């Protein structure tokens, strides 16, 4: 593995959730991360994104499991290396602007976010698989910046 405890080798997620990263409990014990912690991840090209960390009983200690959405936000591939750190200041979003890349609230964004307390980071792309067609969105703006929780009080501007 990495010679630094908080650098982990990227592996495919078992749980397809854009908001989640999984570590072994032993790694979490080592880094003092806890179930449901918001974490800041750092990949290539100076990219960062925020996820929720959960234990995974089959994840090798030196590996981190995340889906393609998260990998893409970090500009890494499977078997690349990312760092993970607790991120204590992910405030509840007041207002965020989220736009489709290349109805939207009702069909895609609302059910995606509803009661899920997802962290999002400005510059994030994410895919929502709903109705009859998948749609990829970009996080254009958050208030506060540069990341926040999409909470029940949050207002989404998507048009």
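Numbering follows the first chain given and starts at 1.
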| query | finding |
| --- | --- |
| Deposited-sequence gap flanked by residue 102 and residue 103 | 4 to 9 |
| 45 to 53 set against 29 to 37, stretch whose average Cα temperature factor tops the other in the entry | 29 to 37 |
| Stretch with the greater mean C-alpha B-factor as recorded in the entry, comparing 87 to 95 against 104 to 112 | 104 to 112 |
| Criterion, highest CA B-factor; candidates, 135, 10, 13, 151 | 13 |
| Which of 128, 59, 120, 66 ranks first by CA B-factor in the deposited coordinates | 59 |
| Residue 21 by Cα B-factor - lowest, middle or highest third of the modelled chain | middle |
